[PDB]
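Structure, as structure tokens:
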Amino acid sequence: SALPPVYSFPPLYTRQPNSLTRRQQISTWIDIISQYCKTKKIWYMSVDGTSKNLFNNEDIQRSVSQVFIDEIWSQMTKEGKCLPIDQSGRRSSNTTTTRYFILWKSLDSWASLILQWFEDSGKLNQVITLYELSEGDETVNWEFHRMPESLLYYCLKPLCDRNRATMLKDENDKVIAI
Amino acid sequence: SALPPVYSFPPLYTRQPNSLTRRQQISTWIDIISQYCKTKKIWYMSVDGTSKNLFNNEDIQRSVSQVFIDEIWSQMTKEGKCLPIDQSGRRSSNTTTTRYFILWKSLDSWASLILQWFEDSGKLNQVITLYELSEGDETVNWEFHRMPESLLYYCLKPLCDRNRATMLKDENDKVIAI
Amino acid sequence: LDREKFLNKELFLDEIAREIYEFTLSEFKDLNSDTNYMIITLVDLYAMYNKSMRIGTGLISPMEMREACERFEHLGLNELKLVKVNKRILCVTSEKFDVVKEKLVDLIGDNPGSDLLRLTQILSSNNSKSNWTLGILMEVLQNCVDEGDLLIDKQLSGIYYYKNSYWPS
Amino acid sequence: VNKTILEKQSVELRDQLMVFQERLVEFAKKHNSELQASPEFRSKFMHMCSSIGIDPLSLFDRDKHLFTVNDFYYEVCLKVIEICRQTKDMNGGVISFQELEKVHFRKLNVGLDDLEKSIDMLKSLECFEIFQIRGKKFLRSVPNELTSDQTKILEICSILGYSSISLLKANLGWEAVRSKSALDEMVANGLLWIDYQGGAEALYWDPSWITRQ
């Protein structure tokens, strides 16, 4: 669970003055984030946390300095495990960074499961929407279920190297074919 | 000239741990105490430090450690160059050890360079007090000038063993019969 | 290509010694130009030796590794030796201990004000001829320091390194 | 007139043991797996060999098939060699046997006694060292001895997990300079984690306070 023990080791919550530890501190943090969003099937997350904070819903002790969360956040993305968003999967970093998409699995990977949705079945010729391979009745042991359209796109897009599959845009939406 | 350069060397402020280096360092951390007071004309130094600090003060980087100081101090003690006090020379490791009177020349290299005040002045017999030989019209091209009385008491306490020229006590303070 | 299924013990060693000596050499001299070396802490040239060249061949115990490694000399394997350094450093190396300490100092010297991590980067992420692997790096750093060959600058941050060019022994 | 009435018992005694062993090898020779996938059985099968005085790890030799009880022993050695490294920073080059036991070693089911020997095994690589804080064994990845002091701080941490500037004066009569001073090196050396969120006084922690299990 989002109960990794250390999650309550007081010092975690304060940037360590020790270089090699400072490091571990972060990486550990990154590691926590991750598994909470997995297990408790979370998707996106702020700089607060999704109600409750990962950086302080541990108010039942203390909480991480924002200045840090940031530094963490970064190195959490530079590593490519968290994704910066706002309302649309992109950056510029301000009016364009508030929530974050989180990757249990990679991207160029996370499609290979969507795709292998179709592969494992065959309905690949077909055309279906995002609000479908999601929220509908294709919520089997495909941990991409309930996943948000707005991100969903992001994962499909890799389902197109030079050798693709393809979307059904709109100057207002999207949905796909394989 | 109180900025030798070593004084700007980070590893000077950490208690190097190699016995034989621990020292040699120390010694240098000394000829900084020493000459600093000299060319910059100071007399007594604290531990904390004289607001300026030969140690902590080191502000464009970061400071020494008390334990080291104290250690630094002691080995200067023994080699005889600094001396402990609260207001009063003699000691008692706590209260009566809390200020050090540096020491360009020895303690008595100090006494003797006073009877030299009497070698080219023709004032060998009189009876002068400290407020004298130190301040006023005694801030001659003779360096013990401005030298606070208390150490004087001490620079002079040895003369009382050679020519044997005593001093004038009132409640046990001073002025002397050279 | 044989499993730990020989019969007269001090062979498997003799031999096992041989296998290692190669696993080790197979990890550096390759370079066109020869000036490189590999100093290496036993314990590591151990999870390396096994995890690598010996998961199926027959995994071995430490005592063995040691026993083995201690043989090189005798077997006319003269490109590496095992050696206690000070009385704490245990390693098989390719040069005199000192002449490696030297190369460190000297380099630390060049980039002074060094963090382990940095000392690492110079020594590892710049590919160029290094077999420095953490531990033995780590271990040697501590000699210099004790031997007083290096001046420490211990900060709450971590320990920064410099060349004891001032208080010589 | 007494000298041989015992020098005699020797020769057969030798047997009795030479027996008990070629014996021991079989009780083992049989449980080729009751030994390979089961701690408790491991331990018991040794606390015997030791009494008699026979290194188990060796019994596991007279017949090829016993050579995997050792593999496991060796195997676990490497895990230790590794868990130690993969941790050098979280902790400091010092580790609670607990953690080793009740944390990193569930993945392969090995147990205190097991681990323990493995660690002894290693003494051959001549690299780790064991030390105990209040009767809790720790293994030390790094080169430096914790101090004669540092121990204490570490020792005096066992209570609630965090020696402090006061907690030290107070509970130990440890001065107060010869405290922060001594406490911070413990952070530069990265053995305990600092913590500003909890009072005017800074709190210093034990990575291990964490695995109290």
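Numbering starts fresh at 1 for the residues of each chain in the structure tokens, the chains themselves are lettered A, B, ... in the order given, and ligands are numbered from 1 as they appear.
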Using the chain letters and numbers from this document, which residues of stretch 22-135 of chain A does DSSP assign to strand (DSSP E), as an NGL selection string? :A and (44-45 or 82-84 or 100-102 or 127-128)
Which residues, written as an NGL selection string, have at least one atom at most 12 Å from residue A:59, with only C-alpha atoms counted and residues fewer than 4 positions away on the same chain left out? (:A and (7-8 or 10 or 13 or 52-55 or 63-64)) or (:D and (197))
Same residues, N, CA and C atoms, output as an mmCIF file, in the first residue's frame:
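Result went into result_2.cif, see below:
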data_model
loop_
_atom_site.group_PDB
_atom_site.id
_atom_site.type_symbol
_atom_site.label_atom_id
_atom_site.label_comp_id
_atom_site.auth_asym_id
_atom_site.auth_seq_id
_atom_site.Cartn_x
_atom_site.Cartn_y
_atom_site.Cartn_z
ATOM 1 N N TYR A 7 7.329 6.129 4.809
ATOM 2 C CA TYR A 7 6.388 7.216 4.595
ATOM 3 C C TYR A 7 6.085 7.933 5.876
ATOM 4 N N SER A 8 6.580 7.410 7.005
ATOM 5 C CA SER A 8 6.329 8.031 8.308
ATOM 6 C C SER A 8 7.599 8.321 9.077
ATOM 7 N N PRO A 10 9.867 10.697 9.957
ATOM 8 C CA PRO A 10 9.969 12.142 10.101
ATOM 9 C C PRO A 10 10.973 12.882 9.245
ATOM 10 N N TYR A 13 10.446 14.018 5.310
ATOM 11 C CA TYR A 13 9.865 15.297 5.079
ATOM 12 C C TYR A 13 10.711 16.563 5.252
ATOM 13 N N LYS A 52 -6.515 14.606 0.207
ATOM 14 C CA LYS A 52 -5.269 14.341 0.919
ATOM 15 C C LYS A 52 -3.970 14.575 0.132
ATOM 16 N N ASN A 53 -2.882 14.847 0.859
ATOM 17 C CA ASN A 53 -1.547 15.084 0.294
ATOM 18 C C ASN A 53 -0.568 13.951 0.503
ATOM 19 N N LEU A 54 0.268 13.722 -0.479
ATOM 20 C CA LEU A 54 1.234 12.681 -0.303
ATOM 21 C C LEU A 54 2.347 13.311 0.449
ATOM 22 N N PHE A 55 2.392 14.627 0.361
ATOM 23 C CA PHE A 55 3.448 15.399 0.964
ATOM 24 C C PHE A 55 3.064 16.001 2.285
ATOM 25 N N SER A 63 5.076 17.706 7.241
ATOM 26 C CA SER A 63 5.021 17.864 5.766
ATOM 27 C C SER A 63 6.148 18.531 4.982
ATOM 28 N N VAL A 64 6.412 17.956 3.812
ATOM 29 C CA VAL A 64 7.456 18.407 2.893
ATOM 30 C C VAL A 64 7.361 19.841 2.390
ATOM 31 N N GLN D 197 11.716 19.679 11.394
ATOM 32 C CA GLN D 197 10.277 19.757 11.637
ATOM 33 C C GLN D 197 9.804 19.200 12.968
#
Residues of chain C within 7 Å of chain A, counting only C-alpha atoms, as number ranges by chain: C: 156-158
Using only C-alpha atoms, determine which residues of chain B fall within 9 Å of chain D; present them as an MDAnalysis selection string. chainID B and resid 65:67
All C-alpha atoms, paired in order, least-squares superposition of chain A on chain B: what RMSD does that give? 1.1 Å
Only residues of chain D matter here; which ones have an atom within 6 Å of chain C, counting only C-alpha atoms? Give them as an MDAnalysis selection string. chainID D and resid 74 124:125 188
List the spatial neighbours of residue A:90 as a list in words - criterion: any atom at most 12 Å away, only C-alpha atoms, same-chain residues fewer than 6 positions off excluded.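 Everything that qualifies: residues 83, 84, 96, 97, 98, 99, 100, 101, 150, 151, 153 and 154 of chain A.
Relative to atom CA of residue D:200, atom CA of residue D:165 is found at 10.4 Å.
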Please extract the residues of stretch 29-151 of chain B with a backbone DSSP assignment of helix (DSSP H, G or I) and present them as a PyMOL selection string. chain B and resi 29-39+66-79+108-111+130-133+149-151
Report as a ChimeraX atom specification all protein, DNA and RNA residues lying within 10 Å of residue A:34, evaluated on only C-alpha atoms, omitting residues in the same chain fewer than 5 positions from it. /A:2,28-29,39,42-43,76,81-82,102-105
Residues near residue A:106, anyone? I mean within 9 Å using only C-alpha atoms, not counting same-chain ones fewer than 3 positions away, as an MDAnalysis selection string. chainID A and resid 80:81 103 109:111 155
One number please: atom CA of residue C:105 to atom CA of residue C:163, in Å, one decimal.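 Computing the Euclidean distance for atom CA of residue C:105 and atom CA of residue C:163 yields 6.3 Å.
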note - atom CA of residue C:126 and atom CA of residue C:101 are separated by 19.4 Å
Name the residues in contact with stretch 139-151 of chain D at a cut-off of 8 Å, using only C-alpha atoms, excluding same-chain residues fewer than 5 positions from it; report them as an MDAnalysis selection string. (chainID C and resid 88 139 142) or (chainID D and resid 84:85 88 92:97 127:131 133 182:183 186)
Within 8 Å of residue C:14, counting only C-alpha atoms, which residues qualify if same-chain residues fewer than 4 places away don't, as number ranges by chain? C: 10, 18, 68, 71, 75
